[PDB]
Every structure is written in C-alpha cells, then in structure tokens.
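The chain below stands alone and is given in structure tokens; this is the form solved without the RNA.
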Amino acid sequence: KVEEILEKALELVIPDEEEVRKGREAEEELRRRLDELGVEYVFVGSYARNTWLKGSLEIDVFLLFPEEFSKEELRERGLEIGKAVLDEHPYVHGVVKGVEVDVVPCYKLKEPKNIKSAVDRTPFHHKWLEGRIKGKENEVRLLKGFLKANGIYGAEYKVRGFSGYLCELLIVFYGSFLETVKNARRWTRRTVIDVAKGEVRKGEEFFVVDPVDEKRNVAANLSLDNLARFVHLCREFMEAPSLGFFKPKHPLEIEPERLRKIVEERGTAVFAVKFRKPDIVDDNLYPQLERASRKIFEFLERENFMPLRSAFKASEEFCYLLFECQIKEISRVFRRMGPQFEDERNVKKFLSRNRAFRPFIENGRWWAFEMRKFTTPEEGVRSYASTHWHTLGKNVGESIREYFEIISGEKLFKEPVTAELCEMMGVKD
C-alpha cells in the first residue's frame, strides 16, 4: 500500500503546470534583464533545482561580488531588474512576471573563503546539492509536503522546523523519502548526521553537519520537540501509511459554549494576556513571545498557581499569551520564613513587624502568616506584567508596558485564539 500512497502524495507535492509556467516565464525574463546589465549571478533556490513544493514557487538570485561595500550596487541591480521592490544582511525582494524573487549580494568566491559568512555560503550549498539531488527532486517534495502537512516545514522561528536545505541533505543522505522516514524512526536527541562523511554517530545534540562547513548544524533551528514529533510521525506512518499524513489537518470547529464546558470540566483557570503586536519581523517577534510566555509561566510556577501549559498567538494587530493553571484561587494567607531562633537581632526585627496573626516557631525557625497581594493567577499576572514587563522581551515588554489586558471566559473564546486553546488543552475532533 505504501508505494501506492506515495504515488497519490505526488499529486499534492508536485507543482501544477500553470505555476511551473510562471516560474519559467519569470526566470527567462529575469535573466534577460540581468544579462543586459552584464551582471554575474546564479539562481540558488529550490526553484533552480526543481525541488520546490507545489504552491511555494519563488526565485533566489544571488549576485557575485568582490569589493566590501556594494550593499548599494545590489540595491541598484535588484531595484532595476524587479518589476516591484521592497526590503551584511540587506537584500532586495520583489516580483518579476508575477513571481516572488529575492536578489541577494555576496562574493563570487574562489571556493571556501566565506567572508563574514552567511550569504556567501548559499552558492556553495547550491553547488554541492545541484549534482547530487538530480533525479530525486520529487523525493525532496514528498519530504517537504510531509513536513508541511504536519506544520514542521520551515526553519523560521515561527516554525522551528526543517529548512528546505535540510530536506535536500536528508534525501541525499538516505536516497529517498521512504528511506528517510524509515531511518528517522531511530533518530535520537543526540543523533549526528554527518552527510559529507556518510556516517551517523552520537553527539551532544541533534546535529546535521553541513557538507560545506563542518562546524555548522543545518538543523540548528529544528526544535527538540519538532524533531520528536517528526520521529513519532515517521513511526506512525510506517505503522499505517495514509495519504492523510500529506494533508493539512482541519481547524477544530468548536463553539464558545463548548470551550467553556471543556474548561469548566477541566476545572482550571484559562486566560490570556492580550496586547498590541509590536512592529517587528516574525523572526524577532516569535522569540520574544516564547520568552514572555516562559517568564510568566515561571512566575506562575513560583507563585504556586501550578501552570499546566502555555501558548501564544500573533494576529495582525494583537498578540496573545495563553495560560492554563490548576489553581483558580489560592488563600490570602501564606507562610513567610523567618530566622533561626538563635539569631536574636534578626528575630527581634522579624517580630517587630505588625501582622494580623502571631508568628510562630517551627523546626527551630520563626515563621509568620502574611498576606498575598493577589489570590488568582489572573491577578498575579496583572501584577507581574505591570512591573516586570522588561523581562518579556524588548519589544513585547514595551508594548505590554503601554497596554495589556487579562482576558478569560467567553470574552477570551471570542478572540482569534481558539485553535491555540484547543491545541494547548489537547482537545480532539
């Protein structure tokens, strides 16, 4: 059955003529414009190697240069060859014949001499792959489609999954999609896949050695949990192959009343911190949302609200930090630790404070009943976000400093976070 399933999967991952047409049209046209300017360039994307996933057409053209500052010479070229345009790091993005195109500067290099490397490597990545991926393009597509349908294709921080480069290296290492999944069933968090040496060994962390640069982990951005999810999916697929593994899962359709019912049944405190989304790119925002979520989670743990799990969502205008806690309310009174009975001066100090109830000795130490300044996790977070917003990421914290609100109940359910809430609580269809 497996072999038959992969055949049907091909219809979902391979681009259809009409988009493959747009690519061709745009490529010829882009070459014409580049040639006329006598520009030295090379197509290095997934498009150039016909390994791009259906519906994901885009062109990556790198411009080869020797000098130091040409950040502007590229500004020109890109701006001149692109029908429409927008924006060391800086590059030109636009469209040509209706196709997305990235125009990046870099040094035409006499091989491995990557200057303040990053963009200078890409051409080598393409060179190494070009002659080794031929004939296995669709294998790469099945891999990408499999990953995408399961939300783990993409190395951007929003996804923390598998980069396209990583997918091609895997296909080259194992030979095909099927073989990649069969072997991935045995990957561990210490697995080192050294492509250039054709070997697998144990290491400190999951590491896929870049054949172009040994010290670089091509899977640097693949999170531990998405590696885990992939290994599991691979095991599940081989156990019972289904075309469904290549199909995106469908958004759980649930009314607010049913969400309220689930929450009331779990008996937890479910709430969110809502604030304006700061004007920064995803690769900057997402790590800040993860940090903010973690700090508040840690605050909730420390304050004994027993948080279960957290999650976040970035909409067009707002961001949401979601939490579920096992404690909806904690007592006003708490135990404040005092000094050992021996320390006379500190004991007098500890006892000099006015309190509603008398302190006491326990296990040779003084203790006092004191009052919390909040009794619900929502009140705890209102306090934390009001004075400790600086710990929530530079831009996320600054937005929260200006404005935030804690929402729960039907109000919360109305926000565009239902999918994140369901996922967080493990709600099923």
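Residue positions are given as counts along the sequence shown, with the first one as 1. In this text, the rigid core denotes the largest set of C-alpha atoms whose superposition between the two forms falls within 1.5 Å.
For the stretch from residue 72 to residue 73, please bin the deposited residues that the model skips: none, 1 to 3, 4 to 9, or 10 or more. None; the chain is continuous from residue 72 to residue 73.
Higher-B stretch (mean Cα B-factor, as the entry records it), 150 to 158 or 120 to 128: It is 120 to 128 that shows the higher mean C-alpha B-factor.
Got a sec? Mean C-alpha B-factor, which is higher, 274 to 282 or 247 to 255? Averaging CA B-factors over each stretch, the winner is 247 to 255.
Between 380, 364, 397, 66, where does the Cα B-factor run highest in the record? Among 380, 364, 397, 66, the highest C-alpha B-factor in the entry belongs to 66.
Among 49, 372, 401, 31, where is the Cα B factor highest in this entry? Within the set 49, 372, 401, 31, 31 shows the top C-alpha B-factor.
State the tercile, meaning the lowest, middle or highest third, of residue 406 with respect to the CA B-factors recorded for its chain. It falls in the bottom third of the chain.
Third of the chain's Cα B-factor distribution that residue 2 belongs to, per the entry: Tercile = highest for this residue's CA B-factor.
Pull the Cα B-factor of residue 388 out of the PDB entry and bin it into the chain's lowest, middle or highest third. Bottom third by C-alpha B-factor.
Sorting the chain's CA B-factors, does residue 293 end up in the lowest, middle or highest third? Lowest third - that is where residue 293 ends up once the chain's C-alpha B-factors are sorted.
Compared with the other modelled residues in the chain, in which third is the CA B-factor of residue 333? According to the entry, residue 333 has a C-alpha B-factor in the chain's lowest third.
We do not show the form deposited with the RNA bound, though everything after this point is about it.
Tell me, out of 85, 104, 234, 195, which residue has a non-hydrogen atom within 4.5 angstroms of the RNA in the deposited bound form. Spelling it out, the residue with a heavy atom inside the cut-off is 104.
Which residue, 332, 249, 276, 216, has a heavy atom that falls within 4.5 Å of the RNA in the deposited bound form? Spelling it out, the residue with a heavy atom inside the cut-off is 216.
Considering non-hydrogen atoms and a 4.5 Å limit, does the RNA approach residue 29 in the deposited bound form? Result no; residue 29 lies far from the RNA in the deposited bound form.
Can you work out whether residue 257 and the RNA are in contact in the deposited bound form, taking contact to mean some heavy atom pair no more than 4.5 Å apart? Flag for residue 257 set to no.
Applying a 4.5 Å heavy atom distance criterion, does residue 394 contact the RNA in the deposited bound form? Result yes; residue 394 sits at the interface with the RNA in the deposited bound form.
Distance check, residue 266 to the RNA in the deposited bound form, heavy atom within 4.5 Å: Residue 266 lies outside the contact set for the RNA.
Heavy atom contact within 4.5 Å of the RNA in the deposited bound form, the stretch among 351 to 359, 266 to 274, 135 to 143, 177 to 185: Result of the contact check: 351 to 359.
Please state whether every one of the three residues 189, 324 and 405 places a non-hydrogen atom within 4.5 angstroms of the RNA in the deposited bound form. So, no: the whole triplet misses the RNA.
Which residues from 103 to 141 come close to the RNA in the deposited bound form, meaning a heavy atom within 4.5 Å? Sequence-ordered list: 104, 118, 119, 122.
Rigid core as reference, CA moved 2 Å or more between the shown form and the other one - which of 176, 326, 114, 304? The residue that shifts is 114.
Does residue 398 count as moved between the shown form and the other one, where moved means a C-alpha shift of 2 angstroms or more after fitting the rigid core? Not so; residue 398 is displaced by less than 2 Å.
Given a core-based superposition, decide whether the C-alpha of residue 289 shifts by 2 Å or more between the shown form and the other one. It does not, since the residue 289 C-alpha is displaced less than 2 Å between the shown form and the other one after the core fit.
After superposition on the rigid core, does the Cα atom of residue 123 shift by at least 2 Å between the shown form and the other one? For residue 123, whose C-alpha is compared between the shown form and the other one after core superposition, the shift is less than 2 Å.
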